[PDB]
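Notes for the structure review
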Amino acid sequence: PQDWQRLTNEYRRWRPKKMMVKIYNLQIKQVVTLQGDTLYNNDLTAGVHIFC
Amino acid sequence: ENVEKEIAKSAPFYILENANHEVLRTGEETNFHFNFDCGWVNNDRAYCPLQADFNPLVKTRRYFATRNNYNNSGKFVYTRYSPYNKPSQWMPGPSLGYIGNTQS
Amino acid sequence: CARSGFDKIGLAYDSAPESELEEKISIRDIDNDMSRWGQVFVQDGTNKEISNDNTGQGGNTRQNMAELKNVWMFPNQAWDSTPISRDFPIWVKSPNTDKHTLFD
Amino acid sequence: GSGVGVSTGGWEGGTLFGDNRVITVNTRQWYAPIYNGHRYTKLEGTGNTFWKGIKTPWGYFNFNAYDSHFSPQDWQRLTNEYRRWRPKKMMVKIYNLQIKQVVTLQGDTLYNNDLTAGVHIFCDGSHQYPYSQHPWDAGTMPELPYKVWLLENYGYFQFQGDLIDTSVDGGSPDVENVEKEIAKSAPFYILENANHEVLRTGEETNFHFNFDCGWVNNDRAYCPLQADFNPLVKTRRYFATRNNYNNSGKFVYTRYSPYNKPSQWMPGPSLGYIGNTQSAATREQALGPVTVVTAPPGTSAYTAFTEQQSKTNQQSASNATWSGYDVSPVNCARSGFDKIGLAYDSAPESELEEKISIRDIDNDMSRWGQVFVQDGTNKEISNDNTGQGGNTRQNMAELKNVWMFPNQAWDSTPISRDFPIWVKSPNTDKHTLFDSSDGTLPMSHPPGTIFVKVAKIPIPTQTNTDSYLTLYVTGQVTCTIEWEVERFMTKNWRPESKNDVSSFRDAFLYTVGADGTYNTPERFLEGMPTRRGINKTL
Amino acid sequence: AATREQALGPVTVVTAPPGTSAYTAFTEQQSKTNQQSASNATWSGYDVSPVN
Amino acid sequence: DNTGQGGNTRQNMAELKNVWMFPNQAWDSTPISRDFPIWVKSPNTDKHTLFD
Amino acid sequence: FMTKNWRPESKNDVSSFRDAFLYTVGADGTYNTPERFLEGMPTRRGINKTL
Amino acid sequence: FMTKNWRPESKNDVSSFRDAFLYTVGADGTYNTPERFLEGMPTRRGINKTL
Amino acid sequence: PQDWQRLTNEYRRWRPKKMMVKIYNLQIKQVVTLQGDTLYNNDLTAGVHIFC
Amino acid sequence: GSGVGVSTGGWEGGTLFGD
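Residues numbered from 1 in each chain as written, not as in the entry; some residues may be left out. Chains lettered and ligands numbered in written order. Part of a larger assembly, values for the part shown. Heavy atoms only, no water.

**Focus on empty space enclosed by the protein**
A water-sized probe rolled over the atoms picks out the places where empty space is left. Its boundaries defined by the atoms lining it, the largest cavity holds a volume of some 210 Å³. As for the largest cavity, its lining consists of 17 residues, of which B:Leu50, B:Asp53, B:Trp90, D:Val423 and D:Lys424 are closest to the centre. Class assignment of the residues belonging to the lining of the largest cavity gives a composition of nine nonpolar, six polar and two charged. (1 Å grid on protein atoms, 1.4 Å probe; cavity = no way out; pocket = protein on both sides within 12 Å on 5 of 7 lines; lining within 4 Å. Points joined across faces, edges and corners; volume = space filled by probe spheres on them. Nonpolar A, V, L, I, M, F, W, Y, C, P; charged D, E, K, R; others polar.)

Here it is in structure tokens:
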């Protein structure tokens, strides 16, 4: 909210130049129900598909 | 010859597994760069109507026509605009006066 | 488009995602920019229909002025795009069609 | 070398016609009085108008007209010999400055020259100050090089009287009152914030400018957009015809005539509104084809009510003239209405006679007289099969209002010798196609306005009230514009119509009379308009 | 209509310069300009098709 | 008046037969058959709108 | 922006907001957002543009 | 200034002025000046300073 | 007023660094009363004392 | 150059905001 306020108050116009996105610290968790309870344990060697 | 039969035939179906893309694990990361090509976003306002910007201190050179007798024998009689009312060449921007349906 | 009189009509939106507590619907009321117009009126001639004879007095009454509700694109039009709030979309996908008119 | 007793320059003038360039040098004798008593004051229009603005202790050089730059013959030779022209670069030179003091020693007034008095000269090239100069203003450079030119007082719009009206009382701040806000956010400009020169009699100054602009086309189309084709070949296209006037009907097709062929080229835009002629006695209400009421959403302009459909403040068409500003002419590509929009006088400050000239003559066939649209059969269809016709139906209608549409091509209005050259294009984000029905060339950054005021020399007073010394500035200004031109070439066999004087109705014109009154055209043809004889293959 | 050379088309355009009188023309008394009836205009004018 | 019930009936919706050029319009040109003309002469006029 | 305007421009101050507690969390953690368009700090407020 | 503050600061907008016509000349040329301290745009308004 | 507003809104603190004053375009006028009227005529070779 | 009839300076004004 302040970056917006300071943007609109101090500047005549703006446009984006270039964007950079970074997807990192990935963590893949498995959901298993051992009993009535649900427990969340981390399964290594599971992949995630990412497509731009 | 059935055209609706054809629309359904020529409708696409897309699958994202045709495309080359990354498969990552916990240790891996990825990033993407993009370069915008775009117009601006203007933060400043006009304080004046498009047609109101002129100098009342000078008298205009232009006259406006007036019909006189309301019949076939009539003709336009011309008289000078007021300094405070001057014609303009700048039209209003486009608009559609339809407010949308509120029928409940 | 360029009519600011109707700013209140088109856009109404909520900031709060996934909040069933309250609507909090915000509508764009405030535009002080004078390059956007409230109304446009067109006036096509005298206020009384012309008599077909020479001499004679006026004729049946006639509608001199009218509001133009629908203003399309025309030469020498200049206006300003709507003021945007903090929560708006930045960009929109332009279609991949062959022909495009002015982007506003 | 330099000083009080050597001139800074000399009188330059004339014209140079060339193949690719025309250079018109013009010098005038000008003077600036003390405007408004050296004070900024709120300018309010008398009568009924809501225009409100500032009156400024400044005056300015307005170089925008053709007749100021070209003589009557330079114009004639321009329009006859050249296909198109545009300005390239302008250079103005303000020199031979002389500051005189006005003192009344007795009943008589005597004019004695006070050295060491300055003059402020400011060219706004960035347009940081309101550009209030309008085309079709009477304060441009005189067409007669021997007439002295009184600079015009500068002033600018500030706020709209009926958009500051409601509940603007200053008892307590109303942040939700929008009209209270318009008045708060209205600007106020002072030309003493800007860096500018102060000159004395020995000093001079000059300014250069580089135009970036479109052209001014002097050639006419002899053919309608849709009439250019070869009747010797038969067309391949057929036109549909309904047969039986009922549901069982269908279109039956038959070939166009060789002499009637369809076209892909639409008529250029036009608005069929001729403006209000009601015999209204108020000159300051809006009489114009399109009057535009600018009001922000929350504001109430003059007498306004809420339309209950949209629940927004709106005005009656009669009240809107109070609150709004007309645009004329709107006819654009329709040449049928040429007579409607423009009427103007050449003669400045002459109370002798009106001499109002209206643009009657346009021979250009790329501009259309009327457009008719015809939507189907002349009789309504019966809902049963078989049956005969139905209730009568209106087959054809005139389209009065033609907006912008794909495949439109037209030509701008022919301009006379005395028109404005350019017009300020607004600094708005969005613009459509530039076509001015007054023929002007809109430019993003036109030549920067040159402002002049006379330095304020105080008079000591016991009462300490403001008292200034009464004195004025006279000088010489040389405006030299370089024009980019194109000579025409044609394979046409027949002779073209050249703007001869033989077509003038008045024999003695562009010449002084017995008392020195310079006789000017009262007609549009006598002003030697463009687009006369030079033919343009469509 | 049996006449192939009259204008049958969505938009028929009568090009006449201001002072001219095209075919059978009358003066509209509002603008005092020569105008034509929609039936006569087909004689004097040129259709554009298709306008869709 | 305030309160009250409705009023005279009103036409809510209508077909727009004539759609002129307006901002944010995007469309595609007509499909052409094997036998069409390739090109057309653009007029030598000063002003042109969009070519479709 | 750069301007020769003398008078002060309208800057999107919070003082014009109707709700005092806004853009801040509450007792239960609910982040209070604007329900009005002015409280969303729109553009085109005070910066004047010579026409 | 630089800040990590999330919320918008109070900026000395003119909207808080009580008198609409201010810092501008009148009909007779009288330049209208603030009669109040807020209308004189004081310092130390919105910019927050971590203690 | 706007330079002040933009100053106070956009900046955390300020102080002056260096000032430069320039006194120029000097004009010395004499006040003489030739009659009931007072007339103001410019007398060259009259000095002004300036001391910083 | 210099003398009774040439000005010693000109009107300067405005402001420049910078970082």
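**A few points about the environment of B:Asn85**
Position of B:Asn85 among the secondary structure elements: in the segment after strand 5 (76-80). We classify B:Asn85 as buried; its relative accessible area is 1%. Separated by 25 residues in the primary sequence, B:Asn85 and B:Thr60 have C-alpha atoms spaced 9.1 Å apart. Sequence-distant contacts of B:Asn85, that is, excluding residues within four places in its chain, are made with B:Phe54, D:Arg283, D:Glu284, D:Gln285, D:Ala286, D:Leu287, D:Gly324, D:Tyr325 and D:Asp326. Here D:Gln285 takes part through its backbone oxygen, which lies 2.7 Å from a polar atom of the side chain of B:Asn85. (Helix = DSSP H or I, 4+ residues; strand = E, 2+ residues; numbered from the N terminus. Buried < 20%, exposed > 50% of the residue type's maximum accessible area, 1.4 Å probe, protein only. Contact = heavy atoms within 4.5 Å. Polar contact = N/O pair within 3.5 Å; in protein donor to acceptor, adjacent residues only side chain to side chain.)

**Considerations on the interface of chain D and chain B**
Listed as interface residues are 68 residues of chain D and, on the opposing side, 41 residues of chain B. Our count for the chain D to chain B interface comes out at 25 residue pairs in polar contact.

**Notes on the sheet that holds strand 15 (residues 290-293) of chain D**
Strands pair in a sheet through their backbones, by hydrogen bonds, and they do so in one of two ways: parallel or antiparallel. Within the open sheet, the four strands sit side by side as 4(C)-3(C)-15(D)-18(D). Their pairing is antiparallel. Edge positions in the sheet fall to strand 4 (65-67) of chain C together with strand 18 (325-327) of chain D, since each of these pairs with one other strand and no more. Here the strands of the sheet are splayed against their neighbours by 30° on average, with no regard to which way each runs. Examined bridge by bridge, strand 3 (residues 39-43) of chain C and strand 4 of chain C share three bridges and lie antiparallel to one another. For C:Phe41, the partnering residue across the bridge sits in strand 4 of chain C and is C:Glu67. (Pairing = 2+ DSSP bridges. Axes fitted to C-alpha atoms, helices over the stretch in contact; angles between N-to-C directions.)

**Here we look at the environment of D:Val292**
Within the fold, D:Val292 resides in strand 15. Residue classification places D:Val292 among the buried positions, given a relative accessible area of 1%. Distance in space between the C-alpha atoms of D:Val292 and D:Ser323 is 8.3 Å, their sequence separation being 31 residues. Residues contacting D:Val292, with those up to four places away along its chain left out, are B:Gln51, B:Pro92, C:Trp37, C:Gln39, C:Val40, D:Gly324 and D:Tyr325.

**Here we look at the sheet that holds strand 1 (residues 11-14) of chain E**
The strand order across the open sheet formed by four strands is 22(D)-21(D)-1(E)-4(E), and the pairing between neighbours is antiparallel. Here the strands that pair on one side only, and so sit at the sheet edges, are strand 22 (396-398) of chain D together with strand 4 (46-48) of chain E. Going from strand to strand, the sheet's axes swing by 30° on average, the running direction of each strand aside. Where strand 21 (residues 370-374) of chain D and strand 22 of chain D come together, three bridges link them in antiparallel fashion. If you follow D:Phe372 over to strand 22 of chain D, its bridge partner there is D:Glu398.

**Re unusual backbone geometry**
Following D:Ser328, the chain continues into D:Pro329 via a peptide bond in cis, with omega recorded as -15°. For D:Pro329, the position within the fold is in the loop between strand 18 and helix 5 (338-341). Of note, the bond from E:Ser49 into E:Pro50 is cis; its omega dihedral lies within 30 degrees of zero at -15°. Tracing the backbone through its elements, the reader meets E:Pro50 in the segment after strand 4.

**As for the interface of chain H and chain D**
Contacts between chain H and chain D engage 14 residues on the former and 19 residues on the latter. Buried area between chain H and chain D, summed over both chains or domains, comes out near 1,300 Å², and the portion from carbon and sulfur atoms is 65%. At the boundary of chain H and chain D, one finds zero salt bridges. (Buried area = accessible area lost by both parts, 1.4 Å probe. Salt bridge = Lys/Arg side-chain N within 4 Å of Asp/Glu carboxyl O.)

**Topic: the nonpolar core**
If you look at soluble globular proteins, the nonpolar side chains tend to sit buried side by side. Formed by 61 residues in total, the largest nonpolar core has its most connected members in D:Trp30, D:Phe61, D:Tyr66, D:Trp85, D:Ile94 and D:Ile121. Counting residues per element, the ones that place at least two in this core are strand 2 (21-32), helix 2 (72-81), strand 5 (82-103), strand 7 (119-124), strand 11 (205-210), strand 26 (441-443), strand 27 (449-454) and strand 28 (471-487) of chain D. Non-local contacts of D:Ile94, meaning those with residues more than four positions away in its chain, are made with D:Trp30, D:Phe61, D:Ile121, D:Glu204, D:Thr205, D:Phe207, D:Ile450, D:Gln476 and D:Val477. Counting 37 residues, the second-largest nonpolar core is a separate cluster that includes C:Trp37, C:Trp79, D:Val292 and D:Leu433. (Core = buried A, V, L, I, M, F, W, Y, C linked by side-chain atoms within 4.5 Å.)

**As for the arrangement of the chains**
Here 26 pairs of chains make contact, and the pair sharing the most contacts is chains B and D. Chain F makes no contact with chain I; the smallest distance between any of their C-alpha atoms is 36 Å.

**Thoughts on the packing of aromatic side chains**
On inspection of all chains with the given rule, the structure shows 48 aromatic pairs over all chains. An angle of 50° between the planes, with centres 5.2 Å apart, marks the rings of D:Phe70 and D:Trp483 as tilted. One end of the pair, D:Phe70, is in the loop between helix 1 (66-69) and helix 2; the other, D:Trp483, is in strand 28, with 413 residues separating them in the sequence. Taking 5.3 Å as the distance between ring centres and 55° as the angle between the ring planes, the aromatic pair formed by D:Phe159 and H:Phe21 counts as tilted. (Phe/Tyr/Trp six-rings, centres within 6.5 Å; stacked < 30°, edge-to-face > 60°.)

**Topic: the pattern of salt bridges**
Between side chains of opposite charge, a pair can form as their charged atoms come close. The tally for this structure, following the rule as stated, stands at 39 salt bridges over all chains. A:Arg6 is the partner of A:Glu10 in a salt bridge, and the nearest nitrogen-oxygen pair spans 3.4 Å. Separated by four residues within a single helix, A:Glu10 and A:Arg6 lie in helix 1 (residues 2-10), roughly one turn from each other. Here A:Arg6 falls in the partly exposed class, since its relative accessible area comes to 28%. Between G:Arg44 and B:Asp44 there is a salt bridge, with the nearest N and O atoms lying 3.8 Å from each other. B:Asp44 shares its class with G:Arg44; the two are buried. Look at the salt bridges and you will find they share partners, linking B:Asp44, C:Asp80, D:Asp429, G:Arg44 and G:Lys49 into a network.

**A short note on a nonpolar patch on the surface**
A surface patch of nonpolar side chains, amounting to about 530 Å² of accessible area, comprises A:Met19, A:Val21, B:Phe34, C:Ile90 and C:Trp91. When you line up the elements, C:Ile90 lands in the loop between strand 5 (78-79) and strand 6 (99-100). By relative accessible area, which is 67% here, C:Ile90 ends up exposed. (Patch = residues over 30% accessible without salt bridge, like charges linked within 9 Å, V, L, I, M, F, W, Y side chains within 5 Å. Areas by Shrake-Rupley, 256 points an atom, 1.4 Å probe, with all protein chains shown as cover.)

**A few points about the environment of A:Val32**
Residues and elements named next belong to chain A. Mapped onto the elements of the fold, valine 32 is located in strand 3 (residues 29-32). With a relative accessible area of 24%, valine 32 lands in the partly exposed category. Each C-alpha atom, one on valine 32 and one on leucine 7, is 48 Å from the other, the two residues being 25 residues apart in sequence. If we skip the residues at most four places from it in the chain, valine 32 touches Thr38, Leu39 and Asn41.

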